[PDB]
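What's in model-v2.txt: compact mmCIF, N, CA and C atoms
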```txt
# COMPACT_ATOMS: atom_id res chain seq x y z
N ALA A 1 -32.84 -1.88 -31.46
CA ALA A 1 -31.77 -1.25 -30.63
C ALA A 1 -30.68 -0.69 -31.54
N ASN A 2 -30.51 0.61 -31.54
CA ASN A 2 -29.47 1.22 -32.41
C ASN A 2 -28.32 1.73 -31.54
N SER A 3 -27.15 1.16 -31.68
CA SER A 3 -26.00 1.61 -30.85
C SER A 3 -24.70 1.02 -31.43
N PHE A 4 -23.83 0.50 -30.59
CA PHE A 4 -22.56 -0.08 -31.10
C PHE A 4 -22.88 -1.16 -32.14
N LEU A 5 -24.09 -1.63 -32.18
CA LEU A 5 -24.46 -2.68 -33.17
C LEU A 5 -24.63 -2.04 -34.55
N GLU A 6 -25.26 -0.91 -34.62
CA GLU A 6 -25.44 -0.24 -35.95
C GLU A 6 -24.10 -0.28 -36.68
N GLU A 7 -23.03 -0.29 -35.93
CA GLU A 7 -21.68 -0.35 -36.54
C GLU A 7 -20.81 -1.26 -35.67
N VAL A 8 -21.24 -2.48 -35.49
CA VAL A 8 -20.48 -3.43 -34.63
C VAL A 8 -19.00 -3.26 -34.87
N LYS A 9 -18.38 -2.50 -34.03
CA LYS A 9 -16.92 -2.29 -34.16
C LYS A 9 -16.25 -3.64 -34.42
N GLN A 10 -16.86 -4.69 -33.93
CA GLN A 10 -16.30 -6.06 -34.14
C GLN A 10 -17.04 -7.04 -33.23
N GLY A 11 -17.50 -8.14 -33.76
CA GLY A 11 -18.24 -9.13 -32.92
C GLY A 11 -17.38 -10.37 -32.68
N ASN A 12 -17.12 -10.71 -31.44
CA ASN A 12 -16.30 -11.91 -31.15
C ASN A 12 -17.20 -12.99 -30.53
N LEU A 13 -16.65 -14.07 -30.06
CA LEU A 13 -17.51 -15.13 -29.47
C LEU A 13 -17.93 -14.70 -28.05
N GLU A 14 -17.69 -15.51 -27.06
CA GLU A 14 -18.11 -15.14 -25.67
C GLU A 14 -16.96 -14.45 -24.95
N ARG A 15 -15.79 -14.45 -25.52
CA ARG A 15 -14.63 -13.81 -24.84
C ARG A 15 -14.72 -12.28 -24.98
N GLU A 16 -15.01 -11.77 -26.15
CA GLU A 16 -15.11 -10.29 -26.32
C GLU A 16 -16.47 -9.80 -25.83
N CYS A 17 -17.54 -10.43 -26.25
CA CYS A 17 -18.90 -10.00 -25.81
C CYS A 17 -19.23 -10.63 -24.46
N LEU A 18 -18.28 -10.66 -23.57
CA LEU A 18 -18.53 -11.27 -22.23
C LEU A 18 -19.23 -10.27 -21.33
N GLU A 19 -19.16 -9.03 -21.67
CA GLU A 19 -19.81 -7.99 -20.85
C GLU A 19 -20.98 -7.39 -21.62
N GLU A 20 -21.19 -6.11 -21.51
CA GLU A 20 -22.32 -5.48 -22.24
C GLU A 20 -21.96 -5.36 -23.73
N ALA A 21 -20.78 -5.77 -24.10
CA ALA A 21 -20.39 -5.69 -25.53
C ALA A 21 -21.51 -6.29 -26.37
N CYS A 22 -21.86 -7.49 -26.04
CA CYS A 22 -22.96 -8.18 -26.77
C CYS A 22 -23.63 -9.18 -25.83
N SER A 23 -24.48 -10.01 -26.35
CA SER A 23 -25.17 -11.02 -25.50
C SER A 23 -26.03 -11.91 -26.40
N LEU A 24 -26.59 -11.34 -27.42
CA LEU A 24 -27.44 -12.13 -28.35
C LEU A 24 -27.66 -11.33 -29.63
N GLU A 25 -27.81 -10.04 -29.51
CA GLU A 25 -28.04 -9.19 -30.72
C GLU A 25 -26.80 -9.23 -31.62
N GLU A 26 -25.67 -8.80 -31.12
CA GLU A 26 -24.44 -8.80 -31.97
C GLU A 26 -23.80 -10.19 -32.01
N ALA A 27 -23.80 -10.91 -30.91
CA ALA A 27 -23.17 -12.26 -30.91
C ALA A 27 -24.14 -13.31 -31.46
N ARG A 28 -24.64 -13.09 -32.65
CA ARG A 28 -25.55 -14.06 -33.28
C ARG A 28 -25.41 -13.88 -34.78
N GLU A 29 -25.03 -14.92 -35.46
CA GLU A 29 -24.81 -14.82 -36.93
C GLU A 29 -23.42 -14.22 -37.17
N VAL A 30 -22.76 -13.75 -36.13
CA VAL A 30 -21.41 -13.18 -36.32
C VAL A 30 -20.42 -14.35 -36.44
N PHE A 31 -20.79 -15.49 -35.93
CA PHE A 31 -19.89 -16.66 -36.01
C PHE A 31 -20.64 -17.81 -36.69
N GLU A 32 -19.93 -18.72 -37.30
CA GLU A 32 -20.61 -19.88 -37.96
C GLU A 32 -21.33 -20.71 -36.90
N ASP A 33 -21.12 -20.36 -35.67
CA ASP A 33 -21.73 -21.10 -34.54
C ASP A 33 -23.16 -21.54 -34.86
N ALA A 34 -23.32 -22.70 -35.44
CA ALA A 34 -24.68 -23.20 -35.76
C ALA A 34 -25.29 -23.82 -34.50
N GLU A 35 -24.61 -24.76 -33.90
CA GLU A 35 -25.11 -25.38 -32.64
C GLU A 35 -24.75 -24.45 -31.51
N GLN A 36 -23.60 -23.83 -31.58
CA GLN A 36 -23.26 -22.88 -30.50
C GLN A 36 -24.45 -21.95 -30.37
N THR A 37 -25.19 -21.74 -31.43
CA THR A 37 -26.40 -20.88 -31.28
C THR A 37 -27.05 -21.27 -29.96
N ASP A 38 -27.43 -22.49 -29.84
CA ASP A 38 -28.01 -22.97 -28.56
C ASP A 38 -26.89 -23.31 -27.57
N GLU A 39 -26.08 -24.31 -27.86
CA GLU A 39 -24.96 -24.68 -26.93
C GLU A 39 -24.36 -23.41 -26.35
N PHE A 40 -23.86 -22.56 -27.20
CA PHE A 40 -23.29 -21.26 -26.75
C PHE A 40 -24.23 -20.71 -25.67
N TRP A 41 -25.47 -20.53 -26.01
CA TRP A 41 -26.47 -20.06 -25.02
C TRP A 41 -26.90 -21.27 -24.18
N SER A 42 -27.91 -21.14 -23.36
CA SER A 42 -28.37 -22.31 -22.54
C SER A 42 -27.15 -23.07 -22.00
N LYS A 43 -26.68 -22.66 -20.85
CA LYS A 43 -25.49 -23.27 -20.17
C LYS A 43 -24.38 -22.22 -20.13
N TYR A 44 -24.70 -21.02 -20.55
CA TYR A 44 -23.71 -19.94 -20.54
C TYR A 44 -23.64 -19.38 -19.13
N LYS A 45 -24.37 -18.32 -18.86
CA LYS A 45 -24.39 -17.70 -17.48
C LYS A 45 -23.26 -18.25 -16.61
N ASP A 46 -22.04 -18.15 -17.07
CA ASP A 46 -20.88 -18.68 -16.29
C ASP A 46 -19.68 -17.76 -16.49
N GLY A 47 -19.91 -16.57 -16.97
CA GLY A 47 -18.77 -15.66 -17.24
C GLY A 47 -18.07 -16.14 -18.52
N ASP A 48 -18.61 -17.16 -19.14
CA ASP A 48 -18.02 -17.73 -20.38
C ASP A 48 -17.00 -18.79 -19.99
N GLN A 49 -16.93 -19.11 -18.72
CA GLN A 49 -15.98 -20.16 -18.26
C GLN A 49 -14.53 -19.68 -18.29
N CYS A 50 -14.21 -18.70 -19.09
CA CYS A 50 -12.82 -18.20 -19.10
C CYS A 50 -12.74 -17.02 -18.13
N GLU A 51 -13.86 -16.41 -17.83
CA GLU A 51 -13.84 -15.28 -16.87
C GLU A 51 -13.20 -15.75 -15.56
N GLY A 52 -12.38 -14.95 -14.95
CA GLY A 52 -11.74 -15.38 -13.67
C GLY A 52 -10.29 -15.80 -13.95
N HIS A 53 -9.95 -15.98 -15.19
CA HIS A 53 -8.56 -16.39 -15.54
C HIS A 53 -8.29 -17.80 -15.00
N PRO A 54 -9.02 -18.76 -15.51
CA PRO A 54 -8.87 -20.17 -15.11
C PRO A 54 -7.46 -20.66 -15.42
N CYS A 55 -6.93 -20.26 -16.54
CA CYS A 55 -5.56 -20.70 -16.93
C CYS A 55 -4.52 -19.88 -16.15
N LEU A 56 -3.30 -20.35 -16.08
CA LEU A 56 -2.25 -19.60 -15.33
C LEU A 56 -0.89 -19.74 -15.99
N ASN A 57 0.11 -19.23 -15.35
CA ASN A 57 1.49 -19.30 -15.90
C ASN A 57 1.45 -18.96 -17.38
N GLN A 58 1.08 -17.75 -17.69
CA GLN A 58 1.05 -17.32 -19.10
C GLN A 58 0.28 -18.32 -19.95
N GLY A 59 -0.70 -18.96 -19.38
CA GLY A 59 -1.49 -19.95 -20.15
C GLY A 59 -2.58 -19.22 -20.95
N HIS A 60 -2.84 -19.66 -22.15
CA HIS A 60 -3.89 -19.00 -22.97
C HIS A 60 -5.25 -19.51 -22.49
N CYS A 61 -6.30 -19.33 -23.24
CA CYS A 61 -7.63 -19.82 -22.76
C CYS A 61 -8.62 -19.96 -23.93
N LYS A 62 -9.11 -21.14 -24.16
CA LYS A 62 -10.12 -21.35 -25.25
C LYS A 62 -11.48 -21.58 -24.59
N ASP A 63 -12.33 -20.59 -24.58
CA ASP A 63 -13.66 -20.73 -23.92
C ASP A 63 -14.68 -21.42 -24.83
N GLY A 64 -15.94 -21.27 -24.53
CA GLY A 64 -17.01 -21.90 -25.37
C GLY A 64 -18.04 -22.65 -24.51
N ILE A 65 -18.48 -22.06 -23.41
CA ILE A 65 -19.48 -22.74 -22.50
C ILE A 65 -19.23 -24.25 -22.48
N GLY A 66 -20.16 -25.04 -22.00
CA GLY A 66 -19.90 -26.50 -21.94
C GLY A 66 -18.50 -26.67 -21.34
N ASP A 67 -18.17 -25.74 -20.49
CA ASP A 67 -16.81 -25.67 -19.84
C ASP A 67 -15.87 -24.91 -20.78
N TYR A 68 -14.61 -24.88 -20.50
CA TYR A 68 -13.68 -24.13 -21.37
C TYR A 68 -12.41 -24.96 -21.55
N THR A 69 -11.36 -24.34 -21.97
CA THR A 69 -10.08 -25.06 -22.14
C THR A 69 -8.97 -24.06 -21.87
N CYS A 70 -7.77 -24.51 -21.67
CA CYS A 70 -6.69 -23.54 -21.42
C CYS A 70 -5.51 -23.91 -22.32
N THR A 71 -4.36 -23.37 -22.06
CA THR A 71 -3.18 -23.70 -22.90
C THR A 71 -1.89 -23.37 -22.14
N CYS A 72 -1.07 -24.35 -21.88
CA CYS A 72 0.19 -24.09 -21.14
C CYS A 72 1.34 -23.93 -22.14
N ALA A 73 2.23 -23.00 -21.91
CA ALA A 73 3.37 -22.79 -22.85
C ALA A 73 4.36 -23.94 -22.74
N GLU A 74 5.45 -23.85 -23.46
CA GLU A 74 6.48 -24.88 -23.40
C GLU A 74 7.33 -24.61 -22.18
N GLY A 75 7.07 -25.37 -21.20
CA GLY A 75 7.78 -25.26 -19.90
C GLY A 75 6.78 -24.97 -18.79
N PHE A 76 5.54 -25.30 -19.03
CA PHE A 76 4.50 -25.02 -18.02
C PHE A 76 3.90 -26.34 -17.53
N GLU A 77 3.16 -26.32 -16.45
CA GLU A 77 2.58 -27.61 -15.94
C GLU A 77 1.40 -27.33 -15.02
N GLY A 78 0.68 -28.35 -14.65
CA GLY A 78 -0.49 -28.16 -13.74
C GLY A 78 -1.76 -27.95 -14.57
N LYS A 79 -2.90 -28.04 -13.95
CA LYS A 79 -4.17 -27.85 -14.71
C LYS A 79 -4.14 -26.49 -15.39
N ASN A 80 -3.94 -25.48 -14.62
CA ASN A 80 -3.88 -24.10 -15.18
C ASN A 80 -2.43 -23.73 -15.46
N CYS A 81 -1.60 -24.69 -15.78
CA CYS A 81 -0.18 -24.37 -16.05
C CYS A 81 0.44 -23.76 -14.78
N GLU A 82 -0.24 -23.90 -13.68
CA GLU A 82 0.26 -23.33 -12.39
C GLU A 82 1.75 -23.61 -12.20
N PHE A 83 2.16 -24.82 -12.43
CA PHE A 83 3.60 -25.18 -12.23
C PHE A 83 4.44 -24.76 -13.43
N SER A 84 4.87 -23.53 -13.46
CA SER A 84 5.72 -23.09 -14.60
C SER A 84 7.05 -23.83 -14.52
N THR A 85 7.18 -24.93 -15.22
CA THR A 85 8.45 -25.71 -15.16
C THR A 85 9.64 -24.79 -15.36
N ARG A 86 9.44 -23.75 -16.10
CA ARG A 86 10.55 -22.80 -16.36
C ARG A 86 10.03 -21.36 -16.24
```

Target format C-alpha cells, applied to this file:
Amino acid sequence: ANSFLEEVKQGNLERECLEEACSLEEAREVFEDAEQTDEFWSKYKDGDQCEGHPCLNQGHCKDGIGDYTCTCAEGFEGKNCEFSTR
C-alpha cells in the first residue's frame, strides 16, 4: 500500500490513528509498544476508549485500550472532572 505511509506525515498511538490515519500498517513499530502490539490490538475496536470525549471539564485523556484514563485540572472533580470545582 503506497500512500500517506510512504511518507508517514507522523505516526501516533491510537489517538491520532483513530480513524483512517492508520490501523496496523503505520501504527506498528512506530511506538516501542511491544505488548501493546497485541494489547493495543485485540480489545481495541472501541474508538480507542478516548473517542467520545470520556473526560470533561477541560480534562485531558490518556488512552491505550484495556480501557483509558483521563486527567482533571487543578480545581476539577468527578470521574470525568465533570464537577469543575472552579

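The residue set within 9 Å of residue 62 of chain A, counting only C-alpha atoms and dropping same-chain residues fewer than 2 places from it, reads residues 15, 50, 60, 64, 68, 69, 70 and 71 of chain A.
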
Practice prompt. Write out as a ChimeraX atom specification which residues come within 7 Å of segment 34-39 of chain A when counting all atoms listed in the file, dropping same-chain ones fewer than 2 positions away.
Written response: /A:31-32,41-44,64-66

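Of the residues under consideration (A:77, A:14, A:86, A:7), A:14 shows the shortest atom-to-atom contact distance to residue 49 of chain A when counting only N, CA and C atoms.
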
Practice prompt. Around the point (-2.7, -22.2, -14.1), in the coordinates given by the file, pick out the residues reaching within 7 Å, counting only N, CA and C atoms, and return them as a ChimeraX atom specification.
Written response: /A:54-59,77-83

Discussion item. Please compute the atom CA of residue 47 of chain A-atom CA of residue 10 of chain A distance, one decimal, in Å.
Written reply: 19.6 Å

Practice prompt. Just the strand (DSSP E) stuff from segment 26-85 of chain A, please, per backbone DSSP, written as an MDAnalysis selection string.
Written response: chainID A and resid 60:62 69:71

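Once segment 3-6 of chain A and its same-chain neighbours fewer than 6 positions away are set aside, residues 21, 25 and 26 of chain A remain within 8 Å of it when counting only N, CA and C atoms.
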